[PDB]
Each structure stands twice: as C-alpha cells, then as structure tokens.
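Working notes, structure below.
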Amino acid sequence: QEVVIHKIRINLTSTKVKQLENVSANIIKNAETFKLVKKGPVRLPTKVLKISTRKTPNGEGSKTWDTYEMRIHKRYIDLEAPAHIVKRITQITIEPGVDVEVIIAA
Amino acid sequence: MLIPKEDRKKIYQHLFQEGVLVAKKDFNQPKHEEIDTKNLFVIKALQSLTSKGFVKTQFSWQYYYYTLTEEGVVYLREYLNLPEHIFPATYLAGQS
Amino acid sequence: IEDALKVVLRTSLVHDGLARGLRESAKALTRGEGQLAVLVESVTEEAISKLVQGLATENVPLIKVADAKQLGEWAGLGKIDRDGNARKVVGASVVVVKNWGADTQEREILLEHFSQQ
Amino acid sequence: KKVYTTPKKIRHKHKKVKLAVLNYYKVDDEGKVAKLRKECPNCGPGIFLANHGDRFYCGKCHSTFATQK
Amino acid sequence: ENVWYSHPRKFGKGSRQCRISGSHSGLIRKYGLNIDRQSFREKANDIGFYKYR
Ligand SMILES: [Zn+2]
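Protein chains in written order, with the entry's author numbering: chain U, 15 to 120; chain K, 1 to 96; chain M, 17 to 74, 76 to 134; chain f, 82 to 150; chain d, 4 to 56.
The following block contains the structure:
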C-alpha cells in the first residue's frame with residue numbers, strides 16, 4: 015500500500031520500427047486496461063547515422079563511395095500515473111531489438 | 001618468459017578461481033584488470049600453459065580467450081599444490 | 017622416523033619458504049623468520065656449516082644429520098613431471114624452513130627432541 | 082630488399098660473477114657471529130650493503146640508498 | 004618493466020587505435036566505433052548500418 019502519483023517519462027530506443035510499434039501498442043493497451051493519464055506515443059526526429067566510406071579497400075580504382083546508414087527511431091511516452099503497480103506495468107513485455115527506458119521523479 | 005615467481009603464482013591462482021582469462025594484445029601498458037600485474041608476462045605464461053594442451057586460445061578482436069580442460073585444471077592445482085574440492089566455475093554452483 | 021621433514025618441505029613449497037642455499041638461509045636466519053634449519057654434517061670445509069650455526073645462534078633450532086642428496090630429493094629441485102625424482106641429482110646444502118602449514122604429526126615433537134632434549 | 086649493414090662494435094651482455102663468496106657474516110671461533118662491512122637499517126638489519134669508495138649502497142632498494150663515511 | 008620503453012602515446016595514432024586488427028590507417032571514430040574501414044564493410048550489416056541510400 016503506497017498510492018502516490020509519479021508523473022514519469024518513459025523513453026524507447028529502437029533500430030527496428032515494427033518492434034517499436036508493437037511495444038507502443040502494448041503500452042497503449044496497458045494504459046487502457048488500468049485507466050491511466052497519458053500523452054499518446056510521441057515521435058521524434060529519427061537520427062540517421064551515416065558513415066561515408068570508400069568501397070575500395072585499396073584505393074586503386076574509380077572513386078566509389080558508400081554511405082552506410084543506420085536510421086534510429088526514438089519514440090517516447092509520458093505517463094501521469096501512480097507507484098508500485100505502474101512500475102510493475104512498465105517492465106513487462108519485451109520485443110527483440112527495442113530498448114525500454116523508464117526514468118524517475120515523484 | 002621469465003616472470004617474478006610470486007606474480008606468476010598469483011596469476012595462476014586467479015585463473016583457477018575464474019576458469020577464464022582475457023588480457024588483450026595491448027602490450028607495454030601499466031596493468032591488466034582484476035590481476036594487478038604487467039600484461040605481457042601474463043600473456044606469455046598463458047601461452048606456455050597452452051603449449052602442452054591445458055588451455056584454449058583465440059586471437060579474436062585482439063582479446064585472447066583462455067579456458068582450461070579438466071586435465072589442465074588438475075595440472076594447475078598440482079602446480080599450486082591446493083587441497084581437493086576447490087572449484088573454478090566449470091563445477092556448477094548457481095541455477096539457470 | 018621424522019614426520020616434520022618431508023611434510024614441512026611440502027608446506028614450505030606450498031607457501032614459499034624454502035630459503036635453499038647459503039645467502040637465502042642467512043637472510044631467513046637474520047630475523048624471526050626461519051623456524052627450522054636442516055644442514056649437512058658431512059660436507060667440504062665445514063666452515064660454512066659453522067657459520068650457519070653461528071648465524072642461527074645469533076629463533077635458533079637446527080636439525081643436523083648428513084644425507085644431502087636425499088634431502089634435496091625430498092625438498093624438490095629440478096623437473097618432476099612423472100611422480101618421483103626425474104633429475105640427475107641434487108643435494109641439500111643448507112635448507113631453512115620459513116613456513117609450517119598444517120600442525121599435528123611430529124611438528125613440535127622433532128623440535129622437542131632437538132632443542133629441548 | 083637492400084642488404085647488409087655493418088657499423089661495427091659488438092658485446093655479450095653481463096657476467097654473473099660466480100665466486101664462492103660469504104666472507105661476509107664473518108665468524109669468531111665458536112662464541113659469536115660477526116657482521117662484516119655494512120648492512121641497511123632502512124630495509125631491515127641483515128640485508129647487506131655494498132662498499133665501493135666513499136659510498137655504501139643497497140641492492141634491494143638500490144637507487145634509494147646511498148651513505149657516506 | 005622498463006621505465007624508458009615508452010614515451011607518451013596520447014593521441015593521433017597512439018590511443019586513436021583500431022578495434023579489430025591492430026592497424027591505424029582508415030579509422031572511423033564516428034559514434035566511437037574505432038573500426039577499420041575494410042573490416043566494417045564486411046560487418047556493418049551485423050552492427051546495423053545498411054545500403055538504403
Ligand atoms: Zn635500502
């Protein structure tokens with residue numbers, strides 16, 4: 015028995031979009047079932063990680079460049095919710111690829 | 001390589017305790033992690049140990065991957081005397 | 017006969033404390049470090065032995082006796098590999114024990130026989 | 082590859098210098114053991130010092146110790 | 004053991020060092036990878052970089 019509202023930000027990080035989407039859906043479902051105050055899954059400017067590299071390992075040949083890129087998806091959620099139960103909720107359901115990060119503040 | 005004997009002994013003990021040894025190809029550097037000795041000596045010792053069977057070796061991403069066989073373990077024990085039933089981690093203790 | 021000999025040597029080996037030779041022995045003797053010294057009664061010159069004895073007198078107790086090679090074999094000097102010996106030959110010269118290890122046996126009994134009659 | 086380089090001058094390494102030693106820790110004829118020369122107090126009495134010529138110098142803590150007399 | 008065997012290797016090519024082979028040429032330090040270009044080429048699909056554009 016505690017019952018104290020946190021007002022907490024939860025940030026996700028994913029290289030894979032589908033997994034992230036699934037996680038978001040799961041979170042929304044959880045919010046629905048427990049009836050909690052939320053700010054609906056907010057997207058960010060997706061950082062594209064570009065590494066420009068000459069494809070040639072020797073240099074002898076024509077000037078060929080390849081920009082090996084990794085598009086990284088953030089997507090965060092804001093939950094205005096209670097304590098222990100909320101914490102329990104914000105731990106379960108893990109998809110391979112996506113990383114879930116829950117911060118603090120009461 | 002000639003290593004100060006006590007240091008070598010310490011290294012061996014550490015290995016026994018672990019059942020696992022690293023030490024990267026980062027030569028010349030002051031000190032290895034966990035074991036407080038110069039790395040080159042350690043590496044040489046490991047190589048010597050390997051030479052007759054005993055340990056395993058992989059050079060991947062300059063790391064060195066040292067793990068002993070049971071015969072090797074026995075030999076190590078003999079080298080450092082040590083009474084019966086002192087375990088590395090090959091002998092299972094936890095639950096997974 | 018003599019339980020605090022081979023066993024004591026083994027214990028010393030385990031914990032590093034066999035100051036084998038002359039200089040090492042002397043070092044061991046100079047402070048309260050060398051608990052028990054084994055020398056050879058039948059060696060060349062004997063002046064060295066006398067010196068060792070003097071140093072011990074300055076802990077003191079000494080086990081005398083001869084048989085150098087046997088003592089060397091007991092102590093472990095060279096390459097073992099198999100089970101026993103596997104060397105050419107090695108004597109004792111002067112061995113000073115700095116360790117003790119496990120008690121029981123004839124640890125204090127030999128000492129009693131020697132120092133304390 | 083370009084071959085041969087000879088600017089001369091060659092040496093071994095260093096001698097062990099064997100001897101029989103132990104003239105130090107000198108003995109009186111059954112009674113007292115005597116300490117020859119000098120021995121370091123900063124490292125522990127018994128650890129012998131080396132005498133050269135207006136210098137007394139340790140081996141265990143080599144560059145650390147120097148004494149004049 | 005020698006206290007005369009190594010001078011400062013602080014930057015440039017010293018501490019700025021490879022994390023695969025032990026080379027120094029062509030070191031992409033972007034996002035702290037420290038991988039050689041060629042090696043990266045044959046591995047980037049596993050690290051997570053692709054040929055999208
Ligand atoms: Zn000194």
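Ideal Cβ placement from N, Cα and C applies to all residues, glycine included.
| Query | Result |
| --- | --- |
| Give the interface partners of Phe43 (chain d) over in chain U, defined as CB-CB distance under 8 Å, in chain order. | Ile65, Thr67, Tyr82 |
| Within 10 Å of its beta-carbon, does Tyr63 (chain K) have 16 or more other beta-carbons around it, so buried, or fewer, so exposed? | exposed |
| Jot down the residue ranges of each uninterrupted alpha helix (DSSP H) in the region 62-113 of chain U, minimum 4 residues, whole runs only, in chain order. | 98-103 |
| For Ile80 (chain M), which three-state DSSP category applies? | strand |
| Going along the chain, which residues of the region 114-136 of chain f sit with their C-beta nearer than 8 Å to a C-beta in chain M? | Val114, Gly125, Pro126, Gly127, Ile128 |
| Excluding the five sequence neighbours on either side, which residues of its own chain have a C-beta within less than 6 Å of the C-beta of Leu30 (chain d), listed in chain order? | none |
| With contact counted as at least three CB pairs below 8 Å, one residue from each stretch, are the region 95-113 of chain M and the region 82-95 of chain K in contact? | no |
| Who are the neighbours of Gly108 (chain M) on chain f, taking C-beta pairs under 8 Å? | In chain order: nothing, as chain f lies at least about 16 Å away. |
| Quick check on the burial criterion: 16 or more other C-beta atoms within 10 angstroms. Buried or exposed for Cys121 (chain f)? | buried |
| With a cut-off of 8 Å, do at least 3 Cβ pairs link the region 53-61 of chain M to the region 106-114 of chain M? | yes |
| If you draw a straight line from the alpha carbon of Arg56 (chain d) to that of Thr81 (chain U), how long is it in whole angstroms? | 7 Å |
| Which residues have their C-beta within less than 7 Å of a heavy atom of ligand 1, listed in chain order? | f:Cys121, f:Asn123, f:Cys124, f:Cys139, f:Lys141, f:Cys142, f:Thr145, f:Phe146 |
| Looking only at its own chain, which residues have a Cβ that is under 6 Å from the Cβ of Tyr65 (chain K), when we skip the five neighbours before and after it? | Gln58 |
| Which of helix, strand or coil does DSSP assign to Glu33 (chain K)? | coil |
| For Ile35 (chain K), which residues in the same chain have their Cβ closer than 8 Å to its Cβ, ignoring the five residues on either side in sequence? | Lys10, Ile11, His14, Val42 |
| Given this structure, state the Cα-to-Cα distance separating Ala131 (chain f) from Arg8 (chain K), to the nearest angstrom. | 30 Å |
| Report the three-state DSSP secondary structure of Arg12 (chain d) (helix, strand or coil). | coil |
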